[PDB]
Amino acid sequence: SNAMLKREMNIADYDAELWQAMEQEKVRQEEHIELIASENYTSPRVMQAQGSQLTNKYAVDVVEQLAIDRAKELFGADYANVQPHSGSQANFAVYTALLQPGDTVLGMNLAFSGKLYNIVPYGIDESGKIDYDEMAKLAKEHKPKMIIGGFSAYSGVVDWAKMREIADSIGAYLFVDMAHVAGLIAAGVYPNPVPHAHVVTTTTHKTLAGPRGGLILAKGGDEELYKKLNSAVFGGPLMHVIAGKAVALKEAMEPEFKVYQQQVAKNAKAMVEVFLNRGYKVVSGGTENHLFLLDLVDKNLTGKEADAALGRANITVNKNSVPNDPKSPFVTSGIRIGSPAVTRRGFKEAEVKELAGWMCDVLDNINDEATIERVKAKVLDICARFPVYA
């Protein structure tokens, strides 16, 4: 025999370098305030699934059917495919199922798929709000085969019903990638694109708080579409990750998850209030979801500057361009902030308001070491009061 004994076979016994790195990553997740809008803390049940012997399975079916059934129940889809390894892979399945090389696609942005297809962008104005009349004119002008909804840095709510009308008016597909807001949709606090788009994709981590992976959903499609989508996905699925998806999707149906998402939305609003009250500009002047963009043009700061300074105080954000950004995309004039992770670890309005205030202290004094050190200390204290896995 040659049994692999779990008590004798662990990382700390065998691979000290890896173990030290893993320990330091747990410490980082605990003692940093994570405001990257795509970040979250998955449950220990998701982690248990991902650590399981399902990694050995070549593809089982019951585990997969639970994920599929739960995806359909949660989002009200008549079709779900839980196999994609990532949101990007889900998206690529959709493109290859429905598009030909060199087709025109209308996407949205701030004012490889780009290499294979002709992507025309609808750019949100300095107003920071979608203008559906203008979107309809771009659609009419360019006659895309597909309009793609979903954008990583929009703080407004997208009217998917209206987008479907625009798509239909020119015979295009509406594809919505809801990766950036899926958890809010799952909770009923943001509108669902499943009844309006021809196909929908998402990641399962981010606001859904599950494992990293993809999902394709649809409602009202024909057998033929569903068949094409299935065939475009692959090269088998990660069954341990699919188990992760199954348990995450059930967690998403808990009343606690609805309360959590309501808190996510309140928290993002409370942070916006502070930034505005401290003299910072927020794109659109508000948020209606979990995230927002701080426009630093009037401060003569770059997003890269802001991000580095905040990082020195154990606050993680990402840079992001603003509408008609006067700076290059490598630099930007904005940062994007979201509440899911801090909310997940127990921060409510008081904490996020205090945090926003500290961020304003940093940005007001971006090369003052003492401010940075003071704020770092406060961040560490707040992190201790609100531990993650406890």
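One-based numbering along the sequence shown.
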Missing residues, deposited sequence, between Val331 and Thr332 (class: none, 1 to 3, 4 to 9, 10 or more): none
Missing residues, deposited sequence, between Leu276 and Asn277 (class: none, 1 to 3, 4 to 9, 10 or more): none
Selected stretch [higher average CA B-factor]: 219-227 or 311-319: 219-227
Residue range whose averaged C-alpha B-factor is higher in the record, 130-138 or 177-185: 130-138
Residue with maximal Cα B-factor (values as given in the PDB entry) among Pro121, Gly171, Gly214, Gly210: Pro121
Per the PDB entry, maximal CA B factor within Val46, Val352, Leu35, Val60: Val60
CA B-factor ranking of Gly357, expressed as a third of its chain: middle
Relative C-alpha B-factor of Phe257, binned into the chain's lowest, middle or highest third: lowest
Cα B factor band for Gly244 (lowest, middle or highest third within the chain): lowest
Third assignment of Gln53 from its chain's C-alpha B-factors: lowest
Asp103 - which third its CA temperature factor falls in, relative to the rest of the chain: highest
